[PDB]
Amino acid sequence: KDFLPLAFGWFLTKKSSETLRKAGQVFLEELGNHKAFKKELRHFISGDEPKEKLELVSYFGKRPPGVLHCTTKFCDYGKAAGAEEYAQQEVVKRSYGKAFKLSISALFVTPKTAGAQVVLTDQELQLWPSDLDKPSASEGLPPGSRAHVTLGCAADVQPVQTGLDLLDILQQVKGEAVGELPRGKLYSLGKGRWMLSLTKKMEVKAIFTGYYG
């Protein structure tokens, strides 16, 4: 009867969102201007572009419109599998509207998405769904490993891809760094995949709640 949200998740405060967003843009700018990235364009890009500078801020030309957020369960108002089952959980109802701190441990880039890796607490892990299509468990990774904040997408890429891209990146790391940015060391995982491991983890303030289209 009562339909569900479009999605549950942690929605960053405008201030925490602005901070993480600005940091993301700096990372794209710095990465795109880095020697290691420039010498590896052929694996990142597909065909016909000459070899001058690619501006990643232009490349990831689809950014989240509202405040940045870390999605837990996409529900589509109940049209998604497991939506009703996730929403009715006691812990989700308990946590609804409450404040959390999300720890960001890294920022990554692939030819499809740019994002930030979220490291969920044991408390927050209770709010992670257990029936996602391709869960960490069917892949030999800790549950909630795909938790993330999308910063940008390529033109024909849907934002769901960001989580998939992270899972793949976290399989590779299961190699010496090729560079050093002001906030951390840069890794090149091949196939246009790049990861910046922050020397000090970013902490953003967010509210666990439900979003409606």
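Quick note: we count residues from 1 along the sequence shown, nothing fancier.
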- Would you mind checking whether any residues of the deposited sequence sit unmodelled between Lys174 and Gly175, and how many (none, 1 to 3, 4 to 9, 10 or more)? 4 to 9
- Query: Mean C-alpha B factor from the entry: is it higher for 19-27 or for 198-206?
  - Reply: 198-206
- Using the B-factors recorded in the PDB entry, average over the C-alpha atoms of 132-140 and of 71-79, then report which stretch comes out higher. 132-140
- Note on the structure: When the entry's CA B-factors for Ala154, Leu164, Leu41, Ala147 are compared, the highest one belongs to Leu41
- Task: Within this chain's modelled residues, let me know which third the CA B factor of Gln123 belongs to: lowest, middle or highest.
- Result: highest
- Message: Lowest, middle or highest third: which one holds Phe3 when the chain's residues are ordered by CA B-factor from the entry?
- Response: highest
- Looking at the C-alpha B-factor of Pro182, is it in the lowest, middle or highest third of its chain? highest
- Query: Relative to the other modelled residues in the chain, which third contains the C-alpha temperature factor of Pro64: lowest, middle or highest?
  - Reply: lowest
